[PDB]
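Undergrad: Here it is, the structure, as structure tokens.
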Ligand SMILES: CCCCCCCCCCCCCCCCCC(=O)OC[C@H](COP(=O)([O-])OCC[N+](C)(C)C)OC(=O)CCCCCCCCCCCCCCCCC
Ligand code: SF4
Ligand code: SF4
Ligand SMILES: [Zn+2]
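Next up, the structure:
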């Protein structure tokens, strides 16, 4: 969860209350390199679920 | 064999901090005894690793 | 990553999974924290001709609600066609 | 200059696992019981 | 539907929902007062407040409806209307993948009949309406405040209730308890007048008086 | 036009029956409330306050309004009896901290601009 | 599409029945769970040595408010009051008057940081990049009054944090 | 764009707290399934409606 | 610049100071009155006037999108210097 | 029919060993109830039309799984429950009498929005 707050904070600047999704779309574009890091989180997340 | 290497790394930390006196200073001030590359220093005395 | 080979085996055996391939601590595979400057695209309305707002004004295309009835042998109907039964997943029907 | 936007790699990202993987483990039920019975007999003796 | 910025229109739903409105009005003339379908395709049935149970039961149980889920039940305060309170029922039909809104009205003193017999979800929703707007639902299992403080006097969501209320709380050491006192604000709420003097939407222009 | 759905009472005589019944329940309940909440007031003080609240509205003549006031009272009874309330809520009727406010022209004049 | 999470029936052959019995009597599955906790024991902890180590942040981070300057040293703020109008919390209070040189400048610029929700709307609304939510998050106080910021406080924060603030804007102004 | 992503809906059978646990845990897996598709089919263009 | 009152309190760039008989200066007893020492009115005046060769000049404040909205300043009056309404910079037309 | 289902899949809903017979009994019951309703009422004319459709499909198709597909009401046990609900509604309509004209027209501007 801490790592996913880092994805909120990188798009919006807030770990929780981003206020990112607004009527008409979103406030700012994804910063470069974010999707690569989201892929890394997703690649290793199923294992964390299995441990649970 | 791996254990012996690990123990060497634990003693090189003591020398890398300037000896036992330096090693203990950081242990009690910082609760960490890792040794890192000095990126720089500021005008107030803080060191960055 | 700094774990000795014995410890890697011990925790791999106990867990039962190759934990060193999918470590939960990020190392050097993350993106750089300083990135090249972007250059973002422009919208469909960034045009110098044939771009009158009266042709792309959604707010002004909204109309007041239609009044179907007001106090002021048909076949029966449903609010919408009956819903379609779902199909079992072919990826993994049963967990 | 050309547009630069956070976009997927040209070939696409590698496959991402999502299904459950609880590996099967251990010895058979018969074998585990036999070992326990064997330890008792040796200890009793 | 090639205009990038404009919401697409779905006429198939508009024709479908409009017909079902005629269907309800024909079947329940005694209570239905108006049926309207919006530009973004949502059907609203407006009824006399004495048909809440008949209309809701028909929608729940009729085989060409089957609105088994009460998604929400709320109220709106419109002071200018002599019946200031508009009671709104939003229902979901899983069988037909459709939603319908039912509207009725009441005033400060006139009760509405509780819908708990039709949907057991309405118990708490009706309690909230009473607490927040002061509308009484007759024959309710247990009608009592749900969101406001114990002993709170007033109905906050009415348009005539001040935003910051009439009383505020603090702890007093003399009596060694939390006490309520009239509200005084170090910084008064600043009312901003934002409406523009120029009309924006001609299609909704109200006929001149 | 004047024909209106009732709440419970069809006339003021039937409503005033419910007011009196409610006063009975409150009058029985003050002795327990003082004991249970461990208040530092007397039973007479609490029963006086109940009388004051019932007196405030002594002017109404609409059966429907009286029904609502009775409904609201009965709710406050369920709260107090069941100890949903707390000592702070019960003691808010007595306004102990609020220092007396002036109620004569000269006193209002010396302090502020209010009527 | 849908899948069934728990609609499997067991096998009633003797080997399967015996295996389940062993699981019941020898607590195999419970022992399995003990292994996972044992594996985690020999993993490196995720803890950081705060305050000597800090958690990562981005240039977009919304922190302590500051009032900025042009390179000349002149205040960027022109008292337009757009920040005051957009603030969802009514946390900003502004009074303005003509300066002795005729400039449109503020006499009051107060932010109640106990009303702020740190949403950044006031730095979006500003047309001159004057009010910014800076990087700092370590400004906790021993009293409430210390969190009611006036113009002098916000200007000192700008002069205190300008070097970091400007660099972060340089990184993100193309996304804005 | 939930109609352009493929995912399976977990369904219970006994209506108990255990089935709801399994639905939520399996819903986490499907979200990873959706995230993989969103990462690879992310389109270029603007991010807020071009109507100022 | 920061000038001090007869009581000793520092005056702000808005001219605010507590007069001798005001009780509100007790809040500074044992603490401080925070005043920014860089007065923007004094620093802008230090900037030299720019000599340009046109009747009209544009100012964005510097930095492009990091400055202020672009405006155009008329320099046809020789009894004054064109000033920007945003950044306070002054311009003058250079006699051709 | 075929092999009986082990489960409907819905909690609290039990498999019916005699689906066709139960449906025929219920749909026929509904038509009897609708007889008491006045003829011109639209509830009678519509409820008859759909119910007689459903009744015809039960008699035509012996197999349950084919019947479920044609009825488009989910599992046959879901359909049976819906029949019971309509029967309950039909009996209530007789007392409500919603085919009668509107009780009262709303105030002048009750449904006007914006105000
Ligand atoms: C050979 C010559 C003749 C002599 C033969 C002697 C008999 C030998 C065969 C007997 C088999 C006995 C098996 C062991 C006892 C079974 C216990 C039992 O009843 O389990 C059922 C119980 C119940 O399991 P359950 O899930 O089936 O419960 C429901 C039971 N039914 C369905 C039947 C109604 O299991 C447990 O006890 C769970 C305990 C939970 C707490 C576990 C904590 C973790 C402990 C892990 C470490 C354990 C190792 C400790 C070692 C200590 C070292 C000092
Ligand atoms: S960050 Fe948001 S809440 Fe805080 S002062 Fe700015 S606009 Fe107001
Ligand atoms: S929006 Fe910017 S320039 Fe306008 S009043 Fe606020 S801080 Fe000053
Ligand atoms: Zn300028």
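Residue numbers (full-length UniProt numbering), protein chains in the order written: chain A, 207 to 258; chain B, 1 to 49; chain C, 2 to 73, 91 to 113; chain D, 4 to 48; chain E, 44 to 252; chain F, 14 to 128; chain G, 37 to 212; chain H, 310 to 361; chain I, 29 to 124; chain J, 2 to 116. Heads up, the beta-carbon is just placed ideally off N, CA and C, and yes, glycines get one too.
1) Give the interface partners of residue 289/H over in chain J, defined as CB-CB distance under 9 Å, in chain order.
2) How many Å lie between residue 130/E and residue 110/E at the Cα?
3) Fully enclosed by the region 137-204 of chain E, which beta strand (DSSP E) runs are 3 residues long or longer?
4) If contact means a Cβ-Cβ distance below 8 Å, which residues of the region 19-47 of chain D contact chain G?
5) Would you kindly work out how many angstroms separate the C-alpha atoms of residue 55/E and residue 56/J, rounded to a whole number?
6) Does the Cβ of residue 107/E have 16 or more other Cβ atoms within 10 Å, making it buried, or fewer, making it exposed?
7) Verify whether the separation of the beta carbon atoms of residue 179/E and residue 154/E is less than 8 Å.
8) Which residues in the same chain as residue 39/F place their Cβ atom closer than 6 Å to its Cβ, once the five residues preceding and following it in sequence are excluded?
9) Counting Cβ pairs, one atom from each stretch, are 3 or more of them under 8 Å apart for the region 44-58 of chain I and the region 95-106 of chain C?
10) The region 56-73 of chain C: which residues have C-beta closer than 9 Å to a C-beta of chain E, in chain order?
11) In whole angstroms, give me the CA-to-CA distance for residue 250/E and residue 84/E.
12) When you check each C-beta in the region 328-353 of chain H against every C-beta of chain A, which residues fall closer than 8 Å?
13) Can you tell me where the alpha helix (DSSP H) holding residue 57/E begins and where it ends?
14) With respect to 7 Å, is the separation between the Cβ of residue 114/I and the closest non-hydrogen atom of ligand 4 below this value?
15) Spell out the partners DSSP gives residue 119/I in its beta bridges.
16) Kindly say whether residue 31/C, judged by its beta-carbon, lies nearer than 8 Å to any beta-carbon of chain A.
17) Among the residues of its own chain, which have a CB less than 6 Å from the CB of residue 22/F, if the five just before and after it don't count?
18) So residue 103/G packs on residue 190/G, CB below 8 Å; how close in whole Å?
19) So which residues on chain C does residue 317/H lean against when the C-beta distance must stay under 7 Å?
20) Could you please give me the residues that DSSP links to residue 70/C through a beta bridge?
21) Using only the alpha-carbon positions, how far apart do residue 122/G and residue 122/F sit?
22) Can you tell me whether residue 39/G is buried or exposed, with buried defined as 16 or more other CB within 10 angstroms of its CB?
23) What does the alpha-carbon distance come out to for the pair residue 43/F and residue 124/F?
24) Once you ignore the five residues that flank residue 376/H on each side, which residues in its own chain have a CB closer than 6 Å to its CB?
25) Is it right to say residue 180/G is buried, meaning 16 or more other beta carbons lie within 10 angstroms of its own, or is it exposed?
26) Is residue 18/B near ligand 1, in the sense that its beta carbon is under 7 Å from a heavy atom of that ligand?
27) According to DSSP, what are the bridge partners of residue 129/G?
28) Would DSSP call residue 49/I helix, strand or coil?
29) My understanding is that residue 24/J touches residue 65/J, with C-beta atoms under 8 Å, so please give their C-beta distance in whole angstroms.
30) Taking only beta carbons into account, state which residues of the region 17-42 of chain B come closer than 9 Å to chain C, listed in chain order.
31) If you measure beta-carbon to beta-carbon, which residues of the region 74-91 of chain F are closer than 9 Å to chain E?
32) Quick check: is any heavy atom of ligand 1 less than 7 Å from the C-beta of residue 197/G?
33) Return the Cβ separation of residue 26/B and residue 33/B in integer angstroms, given the expectation that the two are a contact with Cβ distance under 8 Å.
34) If you measure from the CB of residue 94/I, is any heavy atom of ligand 4 nearer than 7 Å?
35) From this set, 16/F, 31/F and 103/F, which residue's C-alpha is nearest residue 48/F's C-alpha?
36) Helix or strand or just coil, what does DSSP make of residue 44/F?
TA: Looking at the coordinates:
1) Nothing about residue 289/H can be read from this structure; chain H reaches only from 310 to 361.
2) 18 Å
3) 141-149
4) 28, 29, 31, 32, 33, 35, 36 and 39
5) 29 Å
6) buried
7) yes
8) 63
9) no
10) 56, 57, 58, 59, 60, 61, 62, 63, 64, 65, 66, 67, 68, 69, 70, 71, 72 and 73
11) 25 Å
12) 334, 337, 338, 341, 344, 345, 348 and 351
13) 54-70
14) yes
15) 78/I and 110/I
16) yes
17) 28, 76 and 80
18) 4 Å
19) 107 and 109
20) 78/E
21) 41 Å
22) buried
23) 38 Å
24) Here chain H comprises residues numbered 310 to 361, so residue 376/H is not present and cannot be evaluated.
25) exposed
26) no
27) 146/G
28) coil
29) Wrong, their Cβ atoms sit about 10 Å apart, outside the cutoff.
30) none
31) 75, 77, 78, 80, 81, 84, 85, 88, 89 and 91
32) no
33) 6 Å
34) no
35) 103/F
36) helix
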